[PDB]
Each structure stands twice: as structure tokens, then as C-alpha cells.
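The structure under discussion appears below in the form of C-alpha cells.
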4 protein chains.
Amino acid sequence: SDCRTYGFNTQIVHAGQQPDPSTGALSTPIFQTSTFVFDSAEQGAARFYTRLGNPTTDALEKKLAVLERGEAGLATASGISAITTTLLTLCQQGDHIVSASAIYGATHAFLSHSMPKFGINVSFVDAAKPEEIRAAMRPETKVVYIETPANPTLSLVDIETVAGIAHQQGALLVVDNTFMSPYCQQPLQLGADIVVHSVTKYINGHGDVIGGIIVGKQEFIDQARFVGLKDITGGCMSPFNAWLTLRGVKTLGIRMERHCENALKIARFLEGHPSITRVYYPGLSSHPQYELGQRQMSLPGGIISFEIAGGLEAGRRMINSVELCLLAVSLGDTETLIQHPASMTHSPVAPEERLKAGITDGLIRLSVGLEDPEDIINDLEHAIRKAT
Amino acid sequence: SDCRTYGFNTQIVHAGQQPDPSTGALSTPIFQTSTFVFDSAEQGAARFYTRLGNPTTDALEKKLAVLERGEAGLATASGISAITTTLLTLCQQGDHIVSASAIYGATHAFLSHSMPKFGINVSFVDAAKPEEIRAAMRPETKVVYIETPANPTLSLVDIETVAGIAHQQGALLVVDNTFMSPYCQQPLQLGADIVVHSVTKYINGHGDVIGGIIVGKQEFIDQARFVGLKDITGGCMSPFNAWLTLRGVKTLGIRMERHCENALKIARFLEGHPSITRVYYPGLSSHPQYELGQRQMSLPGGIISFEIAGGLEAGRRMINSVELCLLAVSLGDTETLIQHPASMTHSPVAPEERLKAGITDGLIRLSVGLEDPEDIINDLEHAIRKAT
Amino acid sequence: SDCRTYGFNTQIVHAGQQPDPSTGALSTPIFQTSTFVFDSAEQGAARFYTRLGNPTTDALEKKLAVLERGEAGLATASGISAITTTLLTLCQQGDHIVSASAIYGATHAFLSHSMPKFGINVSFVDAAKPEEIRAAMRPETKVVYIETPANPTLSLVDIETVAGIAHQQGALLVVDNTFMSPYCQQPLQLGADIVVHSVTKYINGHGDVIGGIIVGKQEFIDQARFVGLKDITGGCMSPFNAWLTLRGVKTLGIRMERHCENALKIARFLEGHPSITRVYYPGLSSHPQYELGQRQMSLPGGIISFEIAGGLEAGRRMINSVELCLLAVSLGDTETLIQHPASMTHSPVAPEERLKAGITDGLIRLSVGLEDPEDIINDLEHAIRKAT
Amino acid sequence: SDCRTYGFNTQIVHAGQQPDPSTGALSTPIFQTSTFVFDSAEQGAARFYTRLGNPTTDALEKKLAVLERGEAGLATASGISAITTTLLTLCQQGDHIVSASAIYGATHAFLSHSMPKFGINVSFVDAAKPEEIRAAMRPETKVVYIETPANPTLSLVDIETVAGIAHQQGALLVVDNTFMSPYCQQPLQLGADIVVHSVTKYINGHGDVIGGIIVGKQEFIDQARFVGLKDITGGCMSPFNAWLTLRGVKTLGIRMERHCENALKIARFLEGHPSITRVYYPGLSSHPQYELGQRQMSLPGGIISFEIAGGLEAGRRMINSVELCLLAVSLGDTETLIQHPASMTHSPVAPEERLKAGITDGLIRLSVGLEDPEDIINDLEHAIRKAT
Ligand SMILES: [Cl-]
Ligand SMILES: [Cl-]
Ligand SMILES: [Cl-]
Ligand SMILES: [Cl-]
Ligand SMILES: [K+]
Ligand SMILES: [K+]
Ligand SMILES: [K+]
Ligand SMILES: [K+]
Ligand code: NA
Ligand code: NA
Ligand code: NA
Ligand code: NA
Ligand code: NA
Ligand code: NA
Ligand code: NA
Ligand code: NA
Ligand code: NA
Ligand code: NA
Ligand code: NA
Ligand code: NA
Ligand code: NA
Ligand code: NA
Ligand code: NA
Ligand code: NA
Ligand code: NA
Ligand code: NA
Ligand code: NA
Ligand code: NA
């Protein structure tokens, strides 16, 4: 049989994995090795595993390729390494990238500062407006880069439409699918060429692995492996991290279902709360791109942003008043995590500059975990009531 | 007390480590986490651990900084990531590097193909001839890059002399100290600015970790961390790999002593063997740079190369006739590893091209392990006798 | 706050765990140590952690105590060690135990052969008939021991009724709650004194840990720790195994929901299949103790047994014809596991003897995993059709 | 080839291990699994791995069997579990054991309190006097149990002589060889039937594993596995712990050499110190059984006890004055560990009772690590000078 024929939950559990032929061990063994040995001179010549590859990591790569409906996968040391290994493989001095402006911080730093120092130019545009992507393309443009949903107000990008534009103008589309996971969105099925993830978030899901994955065509992945990883970034994932990620992803389907069920309940609670001015969540019908979200995403996700009445000090008082939600900058963990960017991460950033980046003084971001939603809601209500 | 005052073996065991203040646990705990939590909005702002840092990995970094007599350390996903994170932090389009030609394969690929595609030019020279380094320097030269001892005939580079030349001409000296480990050579003490290692080899020593380390001034390491890793390569080491490397390095002193004691015995055996045309080992007085080696290295190392009579087919027959030595391309493991590059790794490379790279048809490389030297010698004698 | 006040899913995620005070690390650190260090002679005397205890393992013990509504927990090397550490702590030569006959194999061997060789007598009874328990009690009886549901036809034991009988006659009730997990059954809430689990099954859930847990009163657990583990069995759980079990149990609620949802669908499919003579599942209303199950269990479980038409050879042909279900003797894993005891585990056992133990020639046992139920049903239908 | 023919260091590195046939991985894979899968009904019947066995753990067991020159090995959850699994396998109610009085604390508790409650009687004797062993033997005696060297003054037991006595009187000899490791003493070669270790000490050596090992004849080990572990103690070692122990034992030879070299230097320093009344170390010629030690042990060990002038308060002041040595109750770690039993572990024990157990008020125990011996000596001198 072939796991590509089975249902998505079956694939989550089984794809890329099988009992160890040699021993029958069900769990993928942890091949925590640096060295692989040959039986003869001839076997050595023939191979020239390698250790730009590993059996444990191979299982993870194969699984994620199946889940994203891509040909091949490549695991990395971090989400940022997935992104940079991809882009540094594809681009050289003189090349150009059109990127969404609404992207993860480290990605933005890489694109705005690192790439130009290597002679690779980047144009940032509002990717919610596909015409801005088209207008920014140049003969040199190799890649269009997008993230959807995107921080901090969970705006969307129309993957299929953007793919069509990128392709007509001769560029590849790379999509960061971290926020959704393959359970909720499949960019390759909508025309994207390459998908990257931080597995640090939902794919692993257990808050104990930093890692990334790249999924795409065999021809590209081979280059990302044998040139990108081998020569450029050196960002290979350790076998133990691969094993933990394999373990974490076993429950991806059931986790995403619960994250999203909980998040929808919490989003509705927040939308009904008179101390909350705005709630950003793709599952709410007042989301500006609601219908796009319904076509492109199978679930609205486990992340919510919202604005509390009373600005900076109200936000600070609110996060200082929660008892269950944990103050942290991560997402996709089993625990509910909360942050108030204007006081926590963007505190030294000028207030008017924060505003231009969509970060208002009262904006709170919530990564909804697997706790009872009534407990999360009660904690939020407690903190909001105190803060306002 | 301060471990910088203690003897080198004491430092190997204790530097960068202490019982856990919270629990008393002697072993450094494995902080296998992706998420760190704040107690308040204020604590979050104050920090802005981070997860461009980790307590387990910090211990390793601190330990290696002490052992190399450097200010600070930075762990990475691989030796190649240590090298590229370093060089991509230091260099941008228009910059220049003078490199030894006798360097590790992946490093050579990075320098010869990857760097120029980012507008960074590289001149390769024979670093055993410091005048060639001087002559190749340009106003744009940011870095002189060397490895010593160097493959495949274990030639040396005079670190102190090269440092003086690099510095007079305004460049930094980066030394790959993988071959020796800090137990046997300390490039920073000889004027190098930055040391890199693949900890995959001797520092870990147990053949089960891929990883790298960078050691240098705090100001540089901060840039390598907060720009190089964070933005460019994403090549961060997993906490479990850091913990294993901490564990492996506990025995670095006793391992290096035994590796080198065994290697000297084996080298002398080989030098006395009439079927062996040449033996390359810094501990043999006929080594071309023997006296330099005695000043710069505290021990002659655990690696030997030698040429067997009868060229390509003799080398192939020899490695196919060993019973104890394992056929593998790694080094620094507890097991003795052997390889015959002309049949194993460089088989598709043209014979005359192999020759120019110092790889003769009969060249065998040996990474001497911790077995009884009489057993290793007996195995070699058995295989050599058969092969010739 | 106090996690004993929160909802059960919130407890599953958070109970016994908190961010590391020292570092903020969210994941419980892996305290993989054997040695704990003192700051002074006085601190050493004061303590006399210990290493009959460990911070990682403590977190697991505390969590499971909360989930079972018990005072304290004690982790062990295996489910069988949880059972024997418990019983060998409680009993000495001359004591007596009344046990269900329908119990796990290794437990039965311990009780039938090991205990009597230590002068501890055991009477086996049909625990579905509480009167048989009463009748078997003696002045020497220290413990009544039960498992529910019980192999191989998933019969039940009325915990509350049996607890009342045991207590009136001066004995403790020990319940093996492995099959259900605390998510589905809480024996202490029904009057049991001590609960044991193999965490190897559902609590860990990921098929990669062997381990046990004991939950009960502080006074008893202290004896099980400081006498049972320390002196008698030595069966302590490794910190890494505790960490993995903590990680696995994070998803216990969502896993059990999906296991049971899938199992109910599969059980109904099997009950409608004319090639299947019997289906044993607590969720089917024809189960002999259905109403008891509805009072005592919050969900009917993830395990099903059924009898296929055509006896021994049909069962063999059936398990040889599945493509998705894996042939294995475990349960509680994320993968669906199937076994045919009469051909696989009880093959050398006389056919008439198997019958007395409730193992008919056509009996198949199924541990339902997290795959799509349509895929599991299709695989079963395929195999059944072929086999019959 | 057969590693039983090779030198002891070669065996330490290679015995029980080989590159993974399936993948070539040099490191023994970590088979962190609970479940093993069958390919058919027939394969399932045929096996009936098992999970009273595991490939990683098997490698460790095989290695230790080679090192002790025994037929077979069995890994356990702890040293105490190695001991109790052994003795509870061998003995039943009515049986008798003759034991040394000078044995590890937990062992003593098991023998003095646990065994008699199971109807197994124990006679304690001074095993330095083989005539006391002979005189204590009864028709019921199944086992003579000894430890050598033995706490707290490092007295010895003549293994060969005691084996001869035990055997003539029809009993087995079990030796706890933890203190020495197989590198320094081989009890089976001297006539012992079974050797047990806490691998927590020297065999692992890295202070991060609790575990035990049993080595003996295949027939006995099979019973210890399939009855002792399976039915009685449940004390199985986790695969990860086995892997770590395999990793630790790679350096056993070089570690023991350095421990003992350092300990001899320190013992001589202490013997020359006028504030030190006595020094107990088998390497000092004034040791009461010095010549026996020279015949039975290849090295005098890494442990020293000594008495400081000034009794209880001097001992307390001394351990409170060390800066490098760590206060802990373990031994065999890479770090030097120190303890003062009269103030630390035996503080609540009556002074006259401590005396009868060989624990004087001024007795200090030292587990010598891998630091520079000059640093350890300087630290001891510093503390002794202050304390006296
Ligand atoms: Cl929930
Ligand atoms: Cl050796
Ligand atoms: Cl499902
Ligand atoms: Cl030393
Ligand atoms: K983040
Ligand atoms: K290599
Ligand atoms: K089972
Ligand atoms: K001890
Ligand atoms: Na694989
Ligand atoms: Na995370
Ligand atoms: Na990788
Ligand atoms: Na506001
Ligand atoms: Na819920
Ligand atoms: Na640290
Ligand atoms: Na290696
Ligand atoms: Na790192
Ligand atoms: Na030749
Ligand atoms: Na040797
Ligand atoms: Na804890
Ligand atoms: Na299992
Ligand atoms: Na335990
Ligand atoms: Na039948
Ligand atoms: Na489903
Ligand atoms: Na094995
Ligand atoms: Na220890
Ligand atoms: Na075991
Ligand atoms: Na004294
Ligand atoms: Na020394």
C-alpha cells in the first residue's frame, strides 16, 4: 500500500514511517549518529546514509512531504534556517525578491538587511493586494515570498491568485505555512512552489523543539540539501529533534481540531465583550477577508489578536492579571500563551512606528492551547475586568 | 573561585558547569525547550532566556571559551555552520578572503562557489608559505582563513606568523582547530582572532553528534549570535546535542592522550614497514614542519595518513582486508576509522586531478581510536600483508 | 492558583508543571542526573533532591495524582513494577490477596507463582461477581486486586461495590486503571485506595515508553517509595522516560476522545457485519454490564475484541490480510494494533485451556488508533472479506 | 572476527556493538520503543524483539558480559534492582543467604528487613574472615553475597577463597563489583557465579544514569530476565539509559586509569599529611590486605577514605572549606566528590552505633575524579589546613 492514498489523519500517523525492518520496532529508531560505515571500498564509492541525510530525519521529511502534497522534504535547525536555506539556494547577487511586508520579524531582518549585503534586492509590498506584488516584479525577480495568515492582525494572502501572478512573470512562490500547518492549509495545492515551516510551532506542538522544514519538488529540495545545507547555512536538524517532531506531529490533527475549536469559542467571547474594541480572527465573519479564508483554510486557526480598551497601560495590566495564560512570545504550544507586543517585544520601538506596523498600544496576541476553553475564557474575563 | 585559574583537566571537567542552584542536580539539566516564560510585562520588556540562547548550550559555549582562552563561545548545528555563520557575519559583497587551499571539502565548496555568488571574492593560497598569504592580501581583505594540521598529508600552518601578517594588513585570522581540539592547540593564544570547530570530531568524540562551535571576542560572538545565527544561517544547536557534547568533552583530555599515544605507536609501526612508501604524521621527525609542530602543538594528534605500495588497487585491497578498523569518512571517534580516498570519496575525480590535490592512488587516511594499539597494528599488518 | 480547581483538560496540560523558576523554560527540564550536590555539611544533613526522587519525575507523579484525584504519585520502570512495588510493599509472608482472575498475564504470573514463593497466598475469583470476592476474604487478606475493563472480552468490575466489600472486611482495594486512563475512569473517586497504571499504554500513548505509575494516599506512597522502590524492586523510572511521559500525557484528553470516537464507529461496523459472530465493546448496548459501564466510565474506551466466523484459521487469515492495522501485542498507541491470541500469543496453549480463559479460536483484539476511522474500517472489511 | 579474542580496550570500545546492518549507522541506534511489530501471525507465534528485551539494551548486556568474561548480561533500572532481581530470582521462603556485613546501605536494608519478611533468612558475617562465611552456612544456604572493596574503610574480600568455600557447601557466590568495574576486577574469573553492578557509578561514569547490570551464566540470566524482571521486580532499564551507558562505558579504560593514577597521588599526599590520622586506600602498602589487593585487583581504585584530626567538627569544617570537590553521596563520576558521613548521612545515627559500623567522627570519603591531581590536592590541603 501507499500512504498517499489514505485519509489525512491516517497519513499524519503513518506517512514516512514503518516498523523497523531489521527489528520490528514500531517507533522510528533514533539514529543519533554522526558516522555511517561502509562494508567495502566499493560500497563507499557507490554511496558517493550520508550525513547530509539520516534515517530518522528522512522519516520526518517524507511525512511532511506527504502532508503538504509535495515531492520531497528537508528538515532544518530552525524555521529561520528553512527560510534562509531556501532563499540563499535560489538567489545570488543581482537577483530580486518581492516579499510581503507582513512577515515574521527574523525573516524581515534577513530580507531587509542580510540579503542586500549579498547583493540580493528585496521589495516589500502589501501582499493582501496582489496588484502590488505584480507591480513590484522585475526581470530579476526570482521569488515572491508570502506568509498567511500574517501578524499582527491575522490578515490573509490569496495564495492561488498570487501563485498565478508570480508564475506568469517567471518567479517561484514560497509560502511560510507555519501559522496553519498542513492540516489547515496546503499552499502547494494552490499553486505555491515551495512551503516552509517553523516546526517549532504547531507541527511539533509541544514547545520543546526548534526546527524547520522545507517542502517542494525533488529537483529543488536536492539543491537545498546538497548546496543550501551542505555548503551555505549548515543548518541541519539533529536526529533527536527530528524524532521529537515525528512524535509531536502524530497528534497534529487532533491538536489542530482542539486549538481551533477553543479559539473560535474564545474569539466569540472576546467579540461580545464591551471592553474589547476589536477582535482579529479568521473564524469571525467580520474579518475583512473572511470568504477567502473559508476557501483557502480548512479551519480558522488557533491564534487570535484583540485590542483592549485603554491602550498601553490597559494591555500591561491585563497580561499582568492572567493566572492561567502564560506570558511568552511563542505559538502553537499545548499551553495557552499570551503577549502584549507594545510593552513586551516592541517596547523600545517608537509608538508612531509601532502603529505603522499594525501594532497598536492595546493589541494583545493569544496562542490558544488545549486547556478547557471555559478556563481560558474565565482567565481572560478576570484579567480584562481588572485591567479595564 | 574561577575555573580560569585551574589546570586544563580541571577546566575540561568543570568550566561552564556547576550544580543546578535550584535543585542541586550535578549534571547540567537538558533544557529541551523552545519557549521561555515571563513573570510580568516588565520582565518581558527587560529581557528584550531568549532562545537565541539556552542554559544547556550556554554551558557548552562557556566551557569551550575557557578551553580556547577566548572571551565567548557560540554553538551551531554543524561545523560547516560554525564556519559559514562566522564568515557570513564578517563579510558582505565586495569583501575578500584569503584562504588556505588545503581545507575541508565543504568549506572549500562554500568558499569557491557560494561566497562568489554573494559578491565575496576568495583567493586560495598555499598557507604553508606565509609569503603567499601576504601577497594575496587586498585592501578589501577582511579575513585570512586557515586549517592546521590540514588534509590530506597533515601539513601545517604557522599560526603565530600568519596572525602577524594578517593583522599588519588589517585582517582577522580565523582558524579551524577541529583536528587538534583545544587540548592540543590553542590558536587564540598564538594570535588568531576566531577559532571554529566541528565538535562532530574530537570535542564530542563519541560519533553521535553533528555540531560546531565558534570562539572569539565577546563583541564578535555577539554579532555572530544576534545577526549570523538569528538572521542569516539559523544554524542553532539543539539543547540535547549541546548536552551530549558537554558529556563527550568531559573526557577530552584523557581521550586525546590515548588517541595520540596510540597514533604515535601506529605511525612508527607504519614508518618501519617496507610495504609503506610514506607516512604523514606530525609526531615523526621526518615531517617537513616537525619543529613548527613541536612549538605549536602539545601533542601530534590522532590522525595519520600513509601511502601503500601498489597504488589504487593495493589501497582498495587493503581497506577491504581490515577486520577491526571501520570504513568511514569521519574522524575523532572512539573507534579507529579508515578510508582510501581515491577509491571511496574521490573515485569519480580524474586521477591527475586527485594528484594535484595531494591525493595519490595509494593514500590511506586513519583516524586512530581508543582500542589497544597492538590490535590496531595487528589489523593493519594483516591487511597490508594481504594487499601487497 | 491551584490546578486542582481547574477543568480536566486544563489539568492534563498544566498539573504538576510550571515554568522553571530559575530560567523561565516552559518545558519541564530533563534532569538526567544521578547525583545531587549539597552546599554544606548542614544542607546534606538537612536533606537526609535525593535520587529516590527527581524533579522531572516529580512533575509526572504530581500530575497523575491530580488526574486520579489522589494525594501522591510514584513513577516506576514498568507497569508490572508499579503493581509489584505496590503489592510487595503491602504484603509479607502469611498475608493473603483476593484477585480477579481476569487480569494481565504478567500480573497473573506474579500472583500465581511469585507471591506464593514468598509465603503470600492468593485466591483468584470472578470479580464480575462481587459475592465471590466477599466469600474469598480471610482474616489475613490485605488487598483485593482488580482490573476493569478486563481482557479478553472487556468484562467489567463494579469498583464502588467491591471497594465497599473490601473495606468492610478490612482490606485495601487496588485497581489497575491502565485500560481507561484517568480521563475515562477514576477508581479512587469510587472508593479504591490505590490505582496503578502501565503508562506504556494510553498515558504516554506514543508507543515509545515502558513505565508505570502508582497513585494513592501520601502515607502509602511514601512507603512504596522509601521501602518498595528503595529496598525491594529498585524499579525507578528514568528522568528521560518521565519527561517523555509528561510530553505524551499533554494530549491524553484529545487522544482518548479520538480513540473512543473511532472505536465506537468500528464496534458498530463490526456488530453489523454478518461474518463477525460477537463484538465485545462497552459502548455497545448488548454488553452484559452496559449500564454499569455507563455509570463508572466516562467513555467506553479504545479497545475492542471480536470473534470472526471460521475459528482459528479464519483469524489467522484475517490478521495476515490487514494492510493498515499493525500486528502487535501492545495497546494505547497512536497506531491501530491488532492481534489474534490463539495463533500469536497463546499458540502453544492447549485449545481447551484457551477456551477456559475466554480465548476462543476466532477471537481478535483491536487497539484502535488515531487514523481515519473509514480507513480502519475499510482495512478490517478487506481482511474479513478475504478471511471468510 | 570475535571481540572475545581482542584486547580489553578494544573490547571496551567494540564488544556487543557493530554498525547497523540496515543503515550503516555507527552509533548503536536508540530503540526507544515499547512496541515491536510482526509481519504475520506466524512470525508472532515464532517469536513467542520482545520487550523483555531491546536491541540497544542487548548491546550493553553483551558488552558487559564480554568485559566480565561471563556468558550473558541483564540490564536493570538501578543497581539495587540488579541485586534484588538476582536474589529474588534465586531465593524463596525457607532459603538462606550468608552476606558480608560491610555492604551498601540499600542492600543491607533489603537483606535485613525485606528478605526476612518473605521468609528468606540472612546471616551477616565479617567477609574479610572466610572462616565466618563457612561457619554461617546452612543446608538451606543458596547464596553467599559479598562486595569488594567494601565501605567505609575499603576492606577487601578474597573472592577466590570465598568462591571455593561457597561451592564446596553447595551455594552460589554473588559479587557486587561496582567499586572496581570489570576494568579493575573480574570476579567470575576468580570463581564467582554472578556479578552485579550499579552502572550508576564507574561503568556509566558520567553522573547522569541510574541503572544496574547482572552478568552470569546464560541459564541463570534467562531466569533473571523471564522470571525476575518479567514477574517480580519489573526493573527494566530504559533504552535511552542503555544507550547513555554504552556511550559512557566507551571511555571506561581511560577513565579508570586516570581515576586510579589521581587517587594514588592523592592517597600518598594524605598519608604524608600530619593532620590526617589514617588513610584507607588499597594502593598504600600499609593497607591490611595489601597483597591480596595486588593479586585480585589490577588497579587500586578511585576511592579513598581518610580520617581527619579533630573528629566530628573538624570533618564538618573540612567539607565546608573545599572549593573544587563537590559535596555529594555518589561515586564514579568525572568530578571529584567528597562526603563526611558522620555529619551528612549518618547524622541522626548514635555516635557509638556509627563507630561499630566503622564510621568514625572524622572519617571522610573521597571519590577521585578526572581533574588535575594538583588541583584536587591543593583543594584538600586548603580545606584540611583550615579545618585543623
Ligand atoms: Cl480542551
Ligand atoms: Cl588503548
Ligand atoms: Cl481520526
Ligand atoms: Cl587528570
Ligand atoms: K514568535
Ligand atoms: K570527514
Ligand atoms: K499487552
Ligand atoms: K553512594
Ligand atoms: Na527513514
Ligand atoms: Na514553541
Ligand atoms: Na537536516
Ligand atoms: Na486601546
Ligand atoms: Na474542551
Ligand atoms: Na548555563
Ligand atoms: Na564523528
Ligand atoms: Na546554537
Ligand atoms: Na602506491
Ligand atoms: Na593501550
Ligand atoms: Na518538579
Ligand atoms: Na505501547
Ligand atoms: Na521512579
Ligand atoms: Na469462530
Ligand atoms: Na476522524
Ligand atoms: Na543489539
Ligand atoms: Na553517579
Ligand atoms: Na532491562
Ligand atoms: Na578525628
Ligand atoms: Na593529570
- Item | the range A:4-30 residues that are over 15 Å from A:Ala65 (Cα atoms), paired with ones that are within 16 Å of ligand 6 (Cβ to nearest atom) (beta carbon under 8 Å, 6 or more apart) | none
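Can you tell me which of B:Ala59, B:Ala106 is closer than 30 Å to C:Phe240 by Cα and more than 16 Å from ligand 24 (Cβ to nearest atom)? Full working, then the answer.
Details: B:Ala106 fails: closer than 30 Å to C:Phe240 by Cα.
Being closer than 30 Å to C:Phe240 by Cα and more than 16 Å from ligand 24 (Cβ to nearest atom) holds for just one of B:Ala59, B:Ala106, which is B:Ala59.
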- Task: Report the residue count in the range C:9-20 for those that are part of a loop (DSSP other than H, G, I, E, B) and either of a type in the set (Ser, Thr, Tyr) or farther than 15 Å from B:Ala25 by Cα (or both).
- Result: 5
- State whether the residues of the range C:149-159 include one that is under 29 Å from C:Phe8 (Cα atoms), outside any strand (DSSP E or B) and of a type in the set (D, E, K, R). yes
- Can you tell me which of B:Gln189, B:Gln223, B:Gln218 is within 14 Å of chain A (Cβ to nearest Cβ) and more than 28 Å from A:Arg51 (Cα to Cα)? B:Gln223
- Note on the structure: Note on the range B:258-275: residues more than 17 Å from the chain's Cα centre (by Cα) and within 14 Å of chain D (Cβ to nearest Cβ) are B:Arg258, B:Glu261, B:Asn262, B:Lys265, B:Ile266
- Task: Those residues that are within 13 Å of another protein chain (Cβ to nearest Cβ), closer than 17 Å to A:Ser101 by Cβ and touching a helix residue (DSSP H, G or I) at 6+ places or on another chain (Cβ under 6 Å), I need them from the range A:340-362; list them, please.
- Result: A:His346
- Message: The conditions are (1) more than 16 Å from ligand 8 (Cβ to nearest atom); (2) within 9 Å of chain D (Cβ to nearest Cβ), and B:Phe36 fails exactly one of them. Which is it?
- Response: (2)
- Answer yes or no as to whether B:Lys129 is more than 14 Å from chain A (Cβ to nearest Cβ), under 17 Å from B:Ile213 (Cα atoms) and surrounded by fewer than 19 Cβ atoms within 10 Å (Cβ to Cβ). no
- Note on the structure: Taking the range D:50-61 and keeping only residues that are touching a helix residue (DSSP H, G or I) at 6+ places or on another chain (Cβ under 9 Å) and either more than 7 Å from every other protein chain (Cβ to nearest Cβ) or on the phi > 0 side of the Ramachandran plot (or both), one is left with D:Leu52, D:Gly53, D:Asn54, D:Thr56, D:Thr57, D:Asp58, D:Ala59, D:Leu60, D:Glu61
- Query: In this structure, does A:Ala109 turn out to be facing another protein chain (nearest Cβ under 9 Å) and touching a helix residue (DSSP H, G or I) at 6+ places or on another chain (Cβ under 6 Å)?
  - Reply: yes
- Just for the range D:104-131: of the residues that are within 12 Å of D:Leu88 (Cα to Cα) and part of a loop (DSSP other than H, G, I, E, B), which one is nearest to ligand 21 (Cβ to nearest atom)? D:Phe118
- Determine whether D:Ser81 is buried (at least 24 other Cβ atoms within 10 Å of the Cβ), at the interface with chain C (Cβ under 7 Å from one of its Cβ atoms) and either charged (D, E, K, R) or in a loop (DSSP other than H, G, I, E, B) (or both). no
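Taking the range B:329-366 as the search range and keeping residues that are acidic (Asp, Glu) and in contact with a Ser or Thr (Cβ under 9 Å, 6 or more places away or on another chain), which one is farthest from B:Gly212 (Cα to Cα)?
Narrowing the range B:329-366 to residues acidic (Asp, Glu): B:333, B:335, B:352-353, B:361.
Subsequent filtering for residues that are in contact with a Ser or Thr (Cβ under 9 Å, 6 or more places away or on another chain) retains B:333, B:335, B:361.
Numbers: B:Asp333: 15, B:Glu335: 21, B:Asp361: 31 Å.
Filtering first and then ranking leaves B:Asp361.
Would you pick out the residues in the range C:1-32 that are small (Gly, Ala, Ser) and more than 8 Å from chain A (Cβ to nearest Cβ)?
C:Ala15, C:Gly16, C:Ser22, C:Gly24, C:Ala25 - these are the residues of the range C:1-32 that are small (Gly, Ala, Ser) and more than 8 Å from chain A (Cβ to nearest Cβ).
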- Task: Might you check whether a residue that is part of a strand (DSSP E or B), over 21 Å from A:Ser27 (Cα atoms) and among the acidic types (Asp, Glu) occurs anywhere in the range C:288-307?
- Result: yes
- Flag for B:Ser343 being more than 16 Å from ligand 8 (Cβ to nearest atom) and in a helix (DSSP H, G or I): yes
- the range C:197-253 - residue that is of a type in the set (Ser, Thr, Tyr) and in contact with a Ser or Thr (Cβ under 6 Å, 6 or more places away or on another chain) and, of those, nearest to A:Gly253 (Cα to Cα): C:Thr251
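When you look at A:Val279, is it surrounded by fewer than 20 Cβ atoms within 10 Å (Cβ to Cβ), of a type outside the set (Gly, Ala, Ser) and not in a helix (DSSP H, G or I), yes or no?
no
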- The lone exception for C:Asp208 - which of (1) crowded, with 24+ Cβ neighbours inside 10 Å; (2) over 17 Å from the mean Cα position of the chain (by Cα); (3) not small (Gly, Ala, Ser) it fails: (2)
- Pick out the one residue from D:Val196, D:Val122 that is within 14 Å of chain C (Cβ to nearest Cβ) and more than 23 Å from C:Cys236 (Cβ to Cβ). D:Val122
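Let me confirm something: among C:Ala46, C:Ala59, which residue is within 27 Å of the chain's Cα centre (by Cα), assigned by CATH to the domain that holds C:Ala224 and over 21 Å from A:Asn378 (Cα atoms)?
The match here is C:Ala59.
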- Message: From the list B:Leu252, B:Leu229, exactly one residue is of a type in the set (A, V, I, L, M), under 20 Å from the mean Cα position of the chain (by Cα) and more than 14 Å from ligand 16 (Cβ to nearest atom). Which is it?
- Response: B:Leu252
- Restricting the first residue to the range A:301-329 and requiring it to be more than 10 Å from chain B (Cβ to nearest Cβ), which pairs with a second residue that is basic (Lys, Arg) and crowded, with 23+ Cβ neighbours inside 10 Å meet a Cβ separation below 8 Å and a spacing of at least six or different chains? A:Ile303/A:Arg365; A:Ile304/A:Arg365; A:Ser305/A:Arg365
- Taking the range C:25-60, which residues are of a type outside the set (A, V, I, L, M), in a loop (DSSP other than H, G, I, E, B) and either surrounded by fewer than 22 Cβ atoms within 10 Å (Cβ to Cβ) or touching a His at 6+ places or on another chain (Cβ under 9 Å) (or both)? C:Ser27, C:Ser34, C:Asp39, C:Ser40, C:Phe48, C:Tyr49, C:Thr50, C:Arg51, C:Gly53
- Enumeration of residues in the range A:95-105 that are more than 18 Å from A:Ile232 (Cα to Cα) and either surrounded by fewer than 23 Cβ atoms within 10 Å (Cβ to Cβ) or within 14 Å of chain B (Cβ to nearest Cβ) (or both): A:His96, A:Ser101, A:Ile103, A:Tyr104, A:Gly105
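Every residue, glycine among them, receives a Cβ derived from its backbone with ideal geometry; neighbour counts consider all protein chains shown. The values are calculated or read from the model by the stated rules, or taken from the named source; no laboratory read-out is quoted.
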